[PDB]
Structure formats: structure tokens, C-alpha cells
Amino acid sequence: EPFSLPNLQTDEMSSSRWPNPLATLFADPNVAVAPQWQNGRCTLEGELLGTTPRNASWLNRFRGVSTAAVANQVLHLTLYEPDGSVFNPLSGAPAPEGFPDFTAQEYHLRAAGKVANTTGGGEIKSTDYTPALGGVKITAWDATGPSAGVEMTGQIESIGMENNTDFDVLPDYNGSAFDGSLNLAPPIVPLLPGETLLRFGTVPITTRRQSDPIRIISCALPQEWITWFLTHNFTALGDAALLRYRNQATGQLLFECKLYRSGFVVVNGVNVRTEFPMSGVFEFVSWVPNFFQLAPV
């Protein structure tokens, strides 16, 4: 069981922060504030951080129970965890596992329960996106049911998203203008100053794009790497795994990079935002210390 990464090209993998195929691979050295994503977080030893779900397909999924019958297009849900246990809002988690970890003007959804007139679409407005409190108020809900006390399961499908930069802004999970009562995974910061976070990007469907249509949400690890770490017994024999990104078809080595053991990748010598080809495969080379300096891209 020596360390390895799966043999998948970047374009054959999926985002761990929005369910969709990876579409871009890039480093942007001019980002002013480090991201503090709560999904897509996993150590190389397979320990999940933040709200990262153990089951890949619980990302952007939710379940709960109606607290009241639908009225005036409002559906209020008391939230459960994926495993159907009750989400305890006095415990300090920001949200059930897999809930969105960024700021949006609304989160559009679909949901359904065990009876027929409970399939509907709706949305959570930003001011209602307070899942740390243990429930969510869904508005613009367009089904006639459920009545009270009914299990509902659903999916967040798209967002109203005026600024692309808000994908890196944590939401006000407890509605309290941000508290240090929540258990949040720490910011993602390269351990050497010339290093830049390598971002795995995908395109979510969003509205509110009228004047700026490009939307890109980034993550630290492909979902398939998170599952790889969960299904292997890896021991980090070093601070960081030195990787090479290779076009396996043409043989061309594109760059070397460091996969830090807390679960993110960096490159060295990036002076402007730089995109990389998507048809490459990251291959493990060897274990290196944190102070190891990479060949510049």
C-alpha cells in the first residue's frame, strides 16, 4: 500500500464542491484572501474535514422533516444528516454534511417526499440560508404538499450568484454575522511564500449573470481523490507528496507540484493567473518536506 493517486485525467474527474465535471485547472497568485472551503476537505490519510460528505453523492443533497404544512409557498424543514440521524444544531457544525459552503443570493432546489404532491421546486434565499440553526426556510415552493411532519429529500441545483468572488466567501451559517462558535476547517494556505494554490475548477449553473457571465467554483481536491484516500490505508511518510502532471499521451511533463498532507496542491513560480491543460494525469513521485522548493512552472 504505497501512496498513489488514481490514473484519471483531470477532465475525467469531478469537483468536490459542486457536483459537475472538472473543466479548468489553474493557479491564481493574486487572490487576496485564502479560501476556507468546508467541502472538498480531506487529509491524505483519509480523514474528512469540515462538512465534506463521506458519500460523494451527498454533496448538495439535503434531507429533513417538514415542521409545518406548506403555506404561501413556504416549506420549513428541520434538518437531518445524510444518515438520517437528526442534525443537532447545539453541537457546533455549520451545516449538515454536503451543504453549500459559499455565499449566494439564493440556492435553487428541487425536493420530494414519499407522497405524490410533494415534488416541487423552490429556493433558499441568502437571509434564510442558516442551516447551523438546524432548519431551513424554503421559499417560492411550488408544490401543494407536504403537510407537517413529513420526510423530504432534495437537491440544490443552481444558485443566484451576482459575484464569482462569493464562491470563496463562507456564508453566515448561523445567521449571526459570523461567530467563532462554529467548528470550521481552517483556511487553505501554502506553507511556502512563493507557492500558489492549484485550483480544480468547474462551472455551476447560476442566474444573476447579466453583466459578467463566467462562473467558476474551485476545489482543493477532485472528488475521486477524496474517495481514493478514504478507500486506501495511506500513511503520510512526509509532509507533502511531490507530484508530476504529465500528458500521458504525448509524454510531456507540464509541471511538478506539492500535495500537502492536509489535502491541497500548490505550484511554484506563478506570477500571473495561469491555466493548465486538462488532459494530464497527476503522478506520485516521492515524499518531500514542507520546505522543498518546486521547479517553477
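Numbers for residues come from their place in the sequence shown, where the first is 1.
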property	result
Stretch with the higher entry mean CA B-factor, where the candidates are 269-277 and 17-25	269-277
Mean Cα B-factor comparison, 96-104 or 70-78, giving the higher one as deposited	70-78
Of the residues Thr202, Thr118, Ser85, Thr206, the one carrying the largest Cα B-factor as recorded	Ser85
Out of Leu44, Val33, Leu49, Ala56, residue topping the C-alpha B-factor column of the entry	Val33
B-factor third for the C-alpha atom of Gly238 within its chain	highest
Within-chain third of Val189 by Cα B-factor, per the entry	middle
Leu253, C-alpha B-factor rank within chain (lowest, middle or highest third)	highest
Record-listed C-alpha B factor of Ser211: chain third	highest
Lowest, middle or highest third - CA B-factor, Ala143	middle
